[PDB]
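**Q** Sharing a structure here in structure tokens format.
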Amino acid sequence: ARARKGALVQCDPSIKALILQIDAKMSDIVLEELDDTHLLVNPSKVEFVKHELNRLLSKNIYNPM
Amino acid sequence: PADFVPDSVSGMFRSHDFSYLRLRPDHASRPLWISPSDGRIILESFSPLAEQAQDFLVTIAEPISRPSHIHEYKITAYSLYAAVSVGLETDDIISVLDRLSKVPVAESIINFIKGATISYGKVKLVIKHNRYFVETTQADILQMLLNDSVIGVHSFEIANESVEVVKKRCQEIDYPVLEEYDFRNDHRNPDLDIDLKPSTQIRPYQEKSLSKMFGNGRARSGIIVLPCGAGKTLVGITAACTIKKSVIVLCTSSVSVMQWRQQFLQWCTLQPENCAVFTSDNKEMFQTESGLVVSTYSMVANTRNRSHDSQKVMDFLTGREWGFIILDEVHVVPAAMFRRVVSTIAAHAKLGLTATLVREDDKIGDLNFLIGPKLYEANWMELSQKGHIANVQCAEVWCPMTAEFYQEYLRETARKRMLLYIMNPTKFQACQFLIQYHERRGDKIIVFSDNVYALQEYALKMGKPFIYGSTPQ
Amino acid sequence: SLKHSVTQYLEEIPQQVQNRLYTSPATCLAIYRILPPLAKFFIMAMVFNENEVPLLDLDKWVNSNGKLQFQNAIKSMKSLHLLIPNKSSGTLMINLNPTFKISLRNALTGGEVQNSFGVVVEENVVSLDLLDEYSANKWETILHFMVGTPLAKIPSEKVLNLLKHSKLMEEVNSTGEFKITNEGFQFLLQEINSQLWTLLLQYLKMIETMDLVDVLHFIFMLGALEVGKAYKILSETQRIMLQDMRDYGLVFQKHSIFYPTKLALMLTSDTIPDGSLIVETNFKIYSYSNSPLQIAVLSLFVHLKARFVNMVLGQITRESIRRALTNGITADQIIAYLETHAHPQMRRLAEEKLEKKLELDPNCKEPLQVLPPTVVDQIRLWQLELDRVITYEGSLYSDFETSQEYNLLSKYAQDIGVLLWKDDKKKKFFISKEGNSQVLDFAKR
Amino acid sequence: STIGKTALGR
Ligand SMILES: Nc1ncnc2c1ncn2[C@@H]1O[C@H](COP(=O)(O)OP(=O)(O)O)[C@@H](O)[C@H]1O
Numbered sequence: 002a003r004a005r006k007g008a009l010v011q012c013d014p015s016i017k018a019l020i021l022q023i024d025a026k027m028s029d030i031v032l033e034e035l036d037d038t039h040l041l042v043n044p045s046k047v048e049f050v051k052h053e054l055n056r057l058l059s060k061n062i063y064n065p066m
Numbered sequence: 101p102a103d104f105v106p107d108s109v110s111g112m113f114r115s116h117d118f119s120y121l122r123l124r125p126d127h128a129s130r131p132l133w134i135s136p137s138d139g140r141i142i143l144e145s146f147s148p149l150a151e152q153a154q155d156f157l158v159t160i161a162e163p164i165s166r167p168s169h170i171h172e173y174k175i176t177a178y179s180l181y182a183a184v185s186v187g188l189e190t191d192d193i194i195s196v197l198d199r200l201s202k203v204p205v206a207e208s209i210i211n212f213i214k215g216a217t218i219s220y221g222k223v224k225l226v227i228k229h230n231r232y233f234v235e236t237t238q239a240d241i242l243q244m245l246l247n248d249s250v251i252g313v314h315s316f317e318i319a320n321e322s323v324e325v326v327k328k329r330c331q332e333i334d335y336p337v338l339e340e341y342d343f344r345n346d347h348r349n350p351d352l353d354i355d356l357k358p359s360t361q362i363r364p365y366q367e368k369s370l371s372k373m374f375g376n377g378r379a380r381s382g383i384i385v386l387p388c389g390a391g392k393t394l395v396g397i398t399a400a401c402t403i404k405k406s407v408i409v410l411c412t413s414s415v416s417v418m419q420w421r422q423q424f425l426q427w428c429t430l431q432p433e434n435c436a437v438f439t440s441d442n443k444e445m446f447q448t449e450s451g452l453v454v455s456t457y458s459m460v461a462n463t464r465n466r467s468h469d470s471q472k473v474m475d476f477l478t479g480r481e482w483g484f485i486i487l488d489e490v491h492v493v494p495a496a497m498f499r500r501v502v503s504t505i506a507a508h509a510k511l512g513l514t515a516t517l518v519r520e521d522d523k524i525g526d527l528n529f530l531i532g533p534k535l536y537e538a539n540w541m542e543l544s545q546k547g548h549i550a551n552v553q554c555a556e557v558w559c560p561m562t563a564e565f566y567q568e569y570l571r572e573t574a575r576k577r578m579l580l581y582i583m584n585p586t587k588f589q590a591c592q593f594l595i596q597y598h599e600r601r602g603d604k605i606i607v608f609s610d611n612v613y614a615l616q617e618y619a620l621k622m623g624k625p626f627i628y629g630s631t632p633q
Numbered sequence: 005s006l007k008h009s010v011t012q013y014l015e016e017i018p019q020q021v022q023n024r025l026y027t028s029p030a031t032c033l034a035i036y037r038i039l040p041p042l043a044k045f046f047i048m049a050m051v052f053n054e055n056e057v058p059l060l061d062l063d064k065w066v067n068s069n070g071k072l073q074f075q076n077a078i079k080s081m082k083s084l085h086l087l088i089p090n091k092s093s094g095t096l097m098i099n100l101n102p103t104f105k106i107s108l109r110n111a112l113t114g115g116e117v118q119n120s121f122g123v124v125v126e127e128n129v130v131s132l133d134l135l136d137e138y139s140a141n142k143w144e145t146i147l148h149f150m151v152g153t154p155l156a157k158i159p160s161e162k163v164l165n166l167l168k169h170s171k172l173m174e175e176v177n178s179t180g181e182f183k184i185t186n187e188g189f190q191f192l193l194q195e196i197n198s199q200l201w202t203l204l205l206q207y208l209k210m211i212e213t216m217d218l219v220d221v222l223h224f225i226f227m228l229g230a231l232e233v234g235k236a237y238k239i242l243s244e245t246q247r248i249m250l251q252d253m254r255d256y257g258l259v260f261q262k263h267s268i269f270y271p272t273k274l275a276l277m278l279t280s281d282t334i335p336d337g338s339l340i341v342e343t344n345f346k347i348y349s350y351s352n353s354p355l356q357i358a359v360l361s362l363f364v365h366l367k368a369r370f371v372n373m374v375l376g377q378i379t380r381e382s383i384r385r386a387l388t389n390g391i392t393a394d395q396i397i398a399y400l401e402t403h404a405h406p407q408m409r410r411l412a413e414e415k416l417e418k419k420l421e422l423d424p425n426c427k428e429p430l431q432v433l434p435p436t437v438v439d440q441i442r443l444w445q446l447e448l449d450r451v452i453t454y455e456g457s458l459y460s461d462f463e464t465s466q467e468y469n470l471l472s473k474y475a476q477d478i479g480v481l482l483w484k485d486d487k488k489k490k491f492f493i494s495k496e497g498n499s500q501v502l503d504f505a506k507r
Numbered sequence: 297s298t299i300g301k302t303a304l305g306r
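Protein chains in written order, with PDB author numbering: chain 5, 2 to 66; chain 7, 101 to 252, 313 to 633; chain 2, 5 to 213, 216 to 239, 242 to 263, 267 to 282, 334 to 507; chain W, 297 to 306.
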């Protein structure tokens with residue numbers, strides 16, 4: 002009997018690996034690893050990781066002009 | 101734009117709003133829209149006069165995008181420079197544009213056209229006995245050109321290698337040079353007796369391009385752009401057969417040269433004795449007075465190392481004053497040194513043939529003073545729907561990388577991830593399934609692969625042959 | 005959807021209020037037209053006879069084929085309490101509401117009406133020059149403020165308050181700006197008649213304590231009135249209601268006499335194209351439209367680059383598409399707009415494409431796609447990109463003493479539909495924050 | 297148009 006507040010992130014192995022790299026550089030990002038598709042993350046860092054992940058993924062996308 | 105109230109949405113268009121003008125009463129018939137700022141032309145291909153405008157717009161404006169319904173061209177300085185040469189003046193252009201334009205032509209557009217359309221036709225580059233002479237039919241031009249820092313019925317010599325410099329200087333200065341060859345009155349160059357046999361056929365677009373090239377009757381110099389497989393070989397053969405002068409063709413391959421020659425002989429009545437192939441294997445040249453030399457850029461642009469036979473061939477090429485040069489895949493001529501061949505090799509007429517007139521660097525614009533402007537371009541979907549070319553269902557397959565390789569993708573550097581995401585198993589599995597399905601459908605399949613290691617791995621895995629640079633002819 | 009929405013709102017009203025609503029013939033004439041044709045036929049049959057007819061006699065009229073329509077007609081008529089079913093002598097007799105009957109009789113036979121339809125001042129004005137311009141300008145201003153394009157004369161606090169308090173035009177003071185929503189885009193996609201009905205319905209729901219029956223009296227009487235003529239001024245609530253309706257561009261006041272406008276008649280019943339556009343394979347849009355409303359709505363999902371008098375040219379980009387999606391607009395709605403505003407050239411080419419498809423294989427009737435499938439695929443793929451990352455709020459349960467207890471709790475969560483993931487090997491599971499309290503209570507019990 | 301299908305693979 003123990004409850005822990007947090008944010009559940011559901012994704013695929015690739016996004017999970019990206020999140021693992023981000024957490025390895027910043028341990029506080031991921032609070033815990035649930036499964037190969039689920040990670041428990043800090044509520045405060047959700048709004049920051051979303052924006053930073055969008056910035057990181059922008060590289061793989063070609064946006065002319 | 102006087103006493104014209106802006107709309108509430110005018111802010112969204114930053115200096116692009118074109119509502120300050122009014123529409124003519126005959127808008128329902130006039131198919132053209134003109135951009136007063138960017139120079140873009142919107143053409144209605146589903147309205148009367150669309151056919152009459154489709155060729156004039158191609159002549160005066162470069163195509164940006166030409167989808168099914170609405171065509172998009174653009175007027176530029178280079179396009180106007182190309183148009184002003186073939187018997188076209190601002191007066192005629194403006195007359196046709198006004199007669200076909202829903203909106204009146206703005207004073208800014210008129211000024212832009214006038215500035216560039218009145219600076220052509222005062223200098224001519226001629227060649228006499230392997231000497232390049234910059235002949236001008238007027239003398240008063242000297243008082244400015246000879247007084248300019250770079251330059252220096314009257315004719316003066318110019319260094320052959322300095323052609324690439326003088327032509328660019330001419331582009332910068334008001335007057336650019338035009339290379340016209342009156343083969344009818346050209347008797348010094350020995351003639352070659354080759355004609356197209358009756359089996360030859362000219363497609364309507366090929367005939368239209370030839371008309372745009374020979375409308376005045378004097379052969380000009382420039383570039384021709386046709387889709388791959390449109391018949392560029394036949395276009396070149398027709399040009400050579402109608403000019404009837406000594407010609408040298410430069411092609412960027414040996415198999416291409418072989419088929420070039422094979423089609424050359426098949427399509428025209430060229431006698432084998434008058435034909436010569438200049439490649440690495442055999443270097444013999446025709447002993448007849450006039451013939452054709454088909455070689456490659458590697459065999460014409462090299463200056464340091466040459467064989468004994470190849471040195472004799474190069475001396476022959478330099479000593480003789482050629483009459484026509486045909487550059488296949490001309491998009492490589494503006495390279496660091498390939499541009500040197502244009503200045504060194506002597507020829508009265510230069511034709512380039514290429515399906516694409518674009519390249520990564522900014523040297524594409526140098527083609528204007530290297531070989532001349534573009535002459536003709538042909539649409540792809542138009543020919544596809546007219547049956548001249550095939551229709552393609554282009555598809556992009558998204559192969560998800562598996563976690564095992566993606567985890568290494570994250571850590572690996574830039575150089576290794578290239579092989580990593582190219583050798584993913586999902587691509588192999590999809591390729592195998594598609595190969596089986598299409599083989600049951602009875603299709604002839606080509607699999608391209610730039611990476612030699614990936615090509616070899618796929619070939620050895622699937623039991624199928626691979627071809628790359630190491631493969632012999 | 006017009007009649008359906010109006011009928012739904014009228015059905016939700018209490019019977020006590022409906023009985024008083026049927027007092028004026030003006031409201032009855034408007035309500036009568038909204039019912040299905042079979043219901044209207046039955047109502048017209050019953051209005052002129054002062055007797056009771058059994059339901060079986062009405063059933064006899066309908067043929068076997070229209071037996072299904074009979075059920076819908078009777079259900080709709082009974083929902084509004086228009087027909088009062090009285091059972092006596094072993095027969096389910098059917099009778100019409102006396103107030104509705106008398107109102108219809110007065111309206112049809114020109115009986116006493118108590119000036120429900122109003123009077124005439126015989127002082128006509130120029131409808132085209134003034135009424136049309138006034139209503140067009142005011143409706144354009146409200147729609148411009150809705151689409152978000154800058155506009156000088158902002159709408160009045162009345163309509164602004166209605167907009168905010170309604171689901172339409174979500175606003176936040178912390179952000180300090182107003183933005184459109186999914187329902188907003190649907191409203192803009194709806195026709196003029198439904199566009200007016202939506203706002204009027206929202207006003208009807210918003211008003212509190216101005217009688218509900220009086221509001222419908224005024225609206226239906228306004229629908230009754232004809233444009234281009236004067237009408238002398242009515243209820244005390246209806247005076248302020250008329251002033252408020254002037255804020256929606258429906259009725260024009262000099263600054267004593269009010270005049271209905273084209274939208275007033277548009278309220279009652281319905282009544334190259336402007337708005338038709340061409341979409342190219344290069345993700346380019348060329349809309350042969352000259353209207354700031356259309357330009358602004360196109361700007362939602364088009365990265366506008368320039369414009370001409372006759373048309374507007376733009377380019378579809380990931381940024382514009384993401385903006386539209388973030389506003390809550392669905393790709394289905396976007397393609398619906400494009401399809402219903404497709405150019406005749408696009409429609410003809412698509413018809414030829416379908417003809418070629420059927421000629422090649424007439425066995426299968428492929429759907430008619432006006433615009434190339436690649437654009438649809440790209441838009442849906444961008445929506446999938448936005449939906450790539452999926453996150454939920456909740457808590458994780460672990461360290462279960464017994465597998466039986468773990469299975470019991472997980473199964474209870476699954477039964478109540480608050481289970482998102484489970485693993486038997488690890489004896490762990492995750493539940494939604496909404497069901498966290500229920501799961502905890504069940505665990506305690 | 298096969299967008300909603302599960303991705304290809306083993
Ligand atoms: N007018 C034509 N009549 C017959 N065949 C033609 C014609 N134009 C092109 N072809 C054919 O098109 C193919 C490609 O010709 P080729 O000159 O190699 O094109 P390119 O050099 O532009 O790739 C050849 O099979 C050629 O015979």
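Yeah, the Cβ is synthetic: ideal placement off N, Cα and C, and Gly gets one too.
Roughly how many angstroms lie between the CA atoms of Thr402 (chain 7) and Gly377 (chain 7), to the nearest whole one?
**A** In a straight line, the C-alpha of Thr402 (chain 7) is about 12 Å away from that of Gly377 (chain 7).
**Q** According to DSSP, simplified to helix, strand and coil, what is residue 285 (chain 2)?
**A** Absent from the coordinates is residue 285 (chain 2), which sits in the stretch where chain 2 moves from 282 straight to 334.
**Q** Please return the same chain residues whose Cβ sits closer than 8 Å to the Cβ of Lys404 (chain 7), not counting the five positions on each side in sequence.
**A** Result list for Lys404 (chain 7): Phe343, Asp351, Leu352, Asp353 and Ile354, in chain order.
**Q** Identify the contact partners of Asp107 (chain 7) in chain 2, using a Cβ-Cβ distance below 7 Å as the criterion.
**A** Those within 7 Å of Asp107 (chain 7) in chain 2 are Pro354.
**Q** So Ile268 (chain 2) is in the alpha helix (DSSP H); what residue range does that whole segment cover?
**A** Careful: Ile268 (chain 2) lies outside any alpha helix (DSSP H), inside the beta strand (DSSP E) at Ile268 to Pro271.
**Q** Could you give the uninterrupted runs of the alpha helix (DSSP H) lying entirely in the segment 152-204 of chain 7, keeping only those of 4 residues or more?
**A** Taking only runs of at least 4 residues, the alpha helix (DSSP H) segments lying wholly in the segment 152-204 of chain 7 are 177-185 and 190-200.
**Q** How big is the Cα-Cα spacing for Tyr341 (chain 7) and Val223 (chain 7)?
**A** Whole-angstrom Cα-Cα distance: 14 Å.
**Q** Please state the DSSP three-state secondary structure of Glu449 (chain 7).
**A** Note: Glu449 (chain 7) maps to coil in three-state DSSP.
**Q** With 8 Å set as the bound, which would you pick, yes or no: does the beta-carbon of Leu443 (chain 2) sit closer than that to a beta-carbon of chain W?
**A** Output row for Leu443 (chain 2): interface = yes.
**Q** Three Cβ pairs or more, each shorter than 8 Å: is that satisfied between the segment 451-459 of chain 2 and the segment 4-12 of chain 5?
**A** With the cut-off at 8 Å, the segment 451-459 of chain 2 and the segment 4-12 of chain 5 touch.
**Q** Determine which residues of the segment 44-65 of chain 5 have a Cβ less than 7 Å from any Cβ of chain 7, and write them out in chain order.
**A** Result list empty, no residue passes.
**Q** With 16 other CB atoms within 10 Å as the buried threshold, where does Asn101 (chain 2) fall?
**A** It is buried - the Cβ of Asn101 (chain 2) has at least 16 other Cβ atoms within 10 Å.
**Q** Taking 7 Å as the line, does the beta carbon of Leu394 (chain 7) fall inside it for any heavy atom of ligand 1?
**A** Within the cutoff, so yes.
**Q** For the 8 Å Cβ check, are there 3 or more pairs between the segment 156-170 of chain 2 and the segment 353-361 of chain 2?
**A** Cβ pair count under 8 Å is below three, so no.
**Q** What residue range is occupied by the uninterrupted beta strand (DSSP E) comprising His39 (chain 5)?
**A** Residues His39 to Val42.
**Q** Considering only heavy atoms of ligand 1, does any lie closer than 7 Å to the CB of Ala399 (chain 7)?
**A** No, since every heavy atom of ligand 1 falls outside the 7 Å radius drawn around the Cβ of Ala399 (chain 7).
**Q** Would you kindly report the start and end of the unbroken alpha helix (DSSP H) that includes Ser470 (chain 7)?
**A** Here the alpha helix (DSSP H) through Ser470 (chain 7) covers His468 to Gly479.
**Q** Can you list the residues of chain 5 that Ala574 (chain 7) reaches, using a CB-CB cut of under 7 Å?
**A** Near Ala574 (chain 7) there are no residues of chain 5 at all, since even the closest Cβ is about 11 Å away, more than 7 Å.
**Q** If you run the structure through DSSP and keep just helix, strand and coil, what is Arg380 (chain 7)?
**A** Looking at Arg380 (chain 7) - three-state DSSP - the assignment turns out to be coil, as it is neither helix nor strand.
**Q** Out of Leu387 (chain 2), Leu362 (chain 2) and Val371 (chain 2), point me to the one whose CA is closest to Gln377 (chain 2)'s CA.
**A** Of the listed residues, the one whose Cα sits closest to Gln377 (chain 2) is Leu362 (chain 2).
**Q** Which residues of the segment 14-47 of chain 5 have a Cβ closer than 9 Å to any Cβ of chain 2? Give them in chain order.
**A** Hits within the stretch, in order: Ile16, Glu33, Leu35, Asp36, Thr38, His39, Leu41, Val42, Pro44 and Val47.
**Q** Locate the alpha helix (DSSP H) running through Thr202 (chain 2), then write down its first and last residues.
**A** Where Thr202 (chain 2) is concerned, the enclosing alpha helix (DSSP H) stretches over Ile196 to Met210.
**Q** To be precise: take each residue of the segment 167-197 of chain 7, compare its Cβ to all Cβ atoms of chain 2, and keep it if any distance is under 9 Å. Which residues remain?
**A** So the list reads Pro167, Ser168, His169, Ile170 and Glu172, given in the order they occur along the chain.
**Q** Find the nearest neighbour of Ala379 (chain 7) within the set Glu151 (chain 7), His508 (chain 7), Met418 (chain 7) and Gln553 (chain 7), judged by alpha-carbon distance.
**A** Answer by Cα proximity: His508 (chain 7).
**Q** Can you give, in chain order, each stretch of the beta strand (DSSP E) that sits fully within the segment 406-480 of chain 2 and has at least 3 residues?
**A** Qualifying beta strand (DSSP E) stretches, in chain order: 452-459.
**Q** For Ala77 (chain 2), which residues in the same chain have their Cβ closer than 6 Å to its Cβ, ignoring the five residues on either side in sequence?
**A** Closer than 6 Å at the Cβ level, and outside the excluded window around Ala77 (chain 2), lie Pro40, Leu42 and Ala43.
**Q** Counting only Cβ pairs nearer than 9 Å, list the residues of chain 2 close to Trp133 (chain 7).
**A** Those within 9 Å of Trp133 (chain 7) in chain 2 are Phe370, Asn372, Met373 and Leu375.
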